[PDB]
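Peer 1: Protein chains in written order, with the authors' numbering: chain B, 1 to 244; chain A, 1 to 243.
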Amino acid sequence: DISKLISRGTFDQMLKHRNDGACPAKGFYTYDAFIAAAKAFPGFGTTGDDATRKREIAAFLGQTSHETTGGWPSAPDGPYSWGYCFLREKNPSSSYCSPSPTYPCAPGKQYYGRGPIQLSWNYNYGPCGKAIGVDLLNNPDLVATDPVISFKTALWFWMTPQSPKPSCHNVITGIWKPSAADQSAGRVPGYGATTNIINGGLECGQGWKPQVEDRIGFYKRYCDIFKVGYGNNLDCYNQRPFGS
Amino acid sequence: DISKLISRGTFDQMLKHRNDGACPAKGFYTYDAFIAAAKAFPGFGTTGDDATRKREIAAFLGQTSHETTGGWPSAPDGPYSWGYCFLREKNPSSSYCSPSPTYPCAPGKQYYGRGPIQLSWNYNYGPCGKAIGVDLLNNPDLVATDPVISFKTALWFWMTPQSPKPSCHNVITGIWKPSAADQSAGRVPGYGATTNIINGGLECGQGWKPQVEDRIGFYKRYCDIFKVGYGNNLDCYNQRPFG
């Protein structure tokens, strides 16, 4: 179980300020919910040598910390201590409903960002819910009211390949082998390629971006706390985005 | 219109291989479509002294030539005669969909590179379509099947500032006033800043790139045909990419 590799103390040290009065998700994101969710995803934080398992947990908590960050440059303990500050997308101006024979939008329900990966759109809530065994198409706000389901949605995203994207899991553990195509595109194994899978269309292949800097700051601080090296290729600044 | 500044004959000498059998865009990119597209963008090729107007057309055609090049080192008449050879991105391997509530991806549509600037992504087809009065989210392939819309997407890109980036138009005409940040970053007026606007993340501030040399080769050849100087700062090798 990953509970040996990441203790309650280490988890609370990494996510130091998530329960500060200013954070809307205060009290929601629990160590027990993270550990219970990880059990549902064999291989998560249990793949590779100890250093690689810690890099995987740091990378998962890093990327999710970015998606939910309340950080700012002069934040107490730095901006990479303010992961998991929010739960629901701020001021959504869409239902995130998209034409689909397979994933009909449920009446009165919205598919705005929820939980540690800010899961969005009926066509993501559908296959995610199917995968974890919950009807998230018809009960989307479970991602913001059930903290085990919340973490499961983010682990579903992390562990699930989506052609032509490999899984973040396979990238960070070194299971993923770049294609000749990938190598020409500058898509090399490491933390950078997890950013590319998450939001490469907007964030990768356009040089320095404060968003990608933020994803890296979290990953580095968590690796520092775990006492493991970052590995290589942390940015995607020269990576062509993975396809959709 | 700009037909007096760039003739059919000059346009065809510049883009002399685009109608070869070896070019997928054979017969598509017409002088008439170019001139018609230009009229929709007041100021394009009509801003500045005669040599500045010609540098603008040379720069626009040079950058779009690079985006669509069929060139290679041993090409007939050299690589800088092979602009406008391609219409659609080759083997996109992507629908080029970045989920957006603002510019949503239409089911069954792809936003891979099309036309002279190789317009890509729902988040570009969206605002471009809105600007030129065409629904490019539901009909993105209009950029590869209608030559006027095709040129209009490239002119939209050229003429449209995207803060903190100025328009290519204001850079090449010398209207652009570099910011304090730009000055610190080594971003200086001239053709090089237009390369920075178009693809600076991958091409600028990181040493010699064959892609940058290709953009400059087209621009120089079109300036030579117009009988005008290139101006300064043609590469972006010491320019930090725009934010």
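Quick reminder that beta carbons are idealized off the backbone N, C-alpha and C, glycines included.
Below 9 angstroms between beta carbons: does that hold for residue 178 of chain B and residue 164 of chain B?
Peer 2: no
Peer 1: Can you look up residue 18 of chain A in the DSSP assignment and give me helix, strand or coil?
Peer 2: In the structure shown, residue 18 of chain A sits in coil (DSSP, three-state: anything other than H, G, I, E or B).
Peer 1: Between residue 242 of chain B and residue 89 of chain B, what straight-line distance do the alpha-carbon atoms span, to the nearest angstrom?
Peer 2: 25 angstroms
Peer 1: Are the region 30-44 of chain B and the region 2-19 of chain B in contact at 8 angstroms, needing three or more beta carbon pairs?
Peer 2: yes
Peer 1: With C-beta atoms as the reference, is residue 11 of chain A less than 9 angstroms away from residue 155 of chain A?
Peer 2: No, they are not a contact pair.
Peer 1: What three-state label does DSSP hand residue 162 of chain A in the structure shown?
Peer 2: In the structure shown, residue 162 of chain A sits in a strand (DSSP, three-state: E or B).
Peer 1: Quick check on residue 272 of chain A: does DSSP put it in helix, strand or coil?
Peer 2: Examination of residue 272 of chain A is not possible in this model, given that chain A is present from 1 through 243 alone.
Peer 1: In whole angstroms, what separates the C-alpha of residue 266 of chain A from that of residue 69 of chain A?
Peer 2: Outside the shown range of chain A (1 to 243) lies residue 266 of chain A, about which nothing can therefore be said.
Peer 1: Quick check on DSSP: helix, strand or coil for residue 240 of chain B?
Peer 2: coil
Peer 1: What does the alpha-carbon distance come out to for the pair residue 234 of chain B and residue 170 of chain B?
Peer 2: The alpha-carbon of residue 234 of chain B is positioned some 16 angstroms away from that of residue 170 of chain B.
Peer 1: Would you list the one or two residues that DSSP bridges to residue 114 of chain A?
Peer 2: Looking at the DSSP output, residue 114 of chain A bridges to A/88, A/119.
Peer 1: Kindly confirm or deny that the region 49-69 of chain A and the region 208-218 of chain A touch, where touching means at least three C-beta pairs closer than 8 angstroms.
Peer 2: Yes, the region 49-69 of chain A is in contact with the region 208-218 of chain A.
Peer 1: Is it right to say residue 185 of chain A is buried, meaning 16 or more other beta carbons lie within 10 angstroms of its own, or is it exposed?
Peer 2: buried
Peer 1: At which residue ranges does the region 212-237 of chain B contain complete alpha helix (DSSP H) runs of 4 or more residues, listed in the order of the chain?
Peer 2: none
Peer 1: How is the alpha helix (DSSP H) around residue 60 of chain B delimited, first residue to last?
Peer 2: Residues 50-67.
Peer 1: Is the Cβ of residue 215 of chain A closer than 9 angstroms to any Cβ of chain B?
Peer 2: Cβ-Cβ to chain B under 9 angstroms: no for residue 215 of chain A.
Peer 1: How would you write the range of the alpha helix (DSSP H) that residue 5 of chain A sits in, first residue to last?
Peer 2: Neither: residue 5 of chain A is in no alpha helix (DSSP H) and is coded neither H nor E.
Peer 1: Mind listing which residues of the region 91-108 of chain A have their C-beta closer than 7 angstroms to chain B's C-betas, in chain order?
Peer 2: 93, 94, 95, 96, 97, 98, 99, 101, 104, 107
Peer 1: For residue 40 of chain B, which of helix, strand or coil comes out of DSSP?
Peer 2: coil
Peer 1: Is residue 178 of chain A helix, strand or coil by DSSP?
Peer 2: coil
Peer 1: I'd like to know if residue 164 of chain B contacts chain A, where contact means its C-beta is closer than 9 angstroms to some C-beta of that chain.
Peer 2: yes
Peer 1: Which residues bound the alpha helix (DSSP H) around residue 143 of chain B?
Peer 2: 142-145
Peer 1: Who are the neighbours of residue 63 of chain B on chain A, taking C-beta pairs under 7 angstroms?
Peer 2: Within 7 angstroms Cβ-Cβ: nothing; residue 63 of chain B doesn't reach chain A, min ~17 angstroms.
Peer 1: Flag this pair as touching only if the region 122-142 of chain A and the region 202-209 of chain A have three or more C-beta atom pairs under 8 angstroms; answer yes or no.
Peer 2: no
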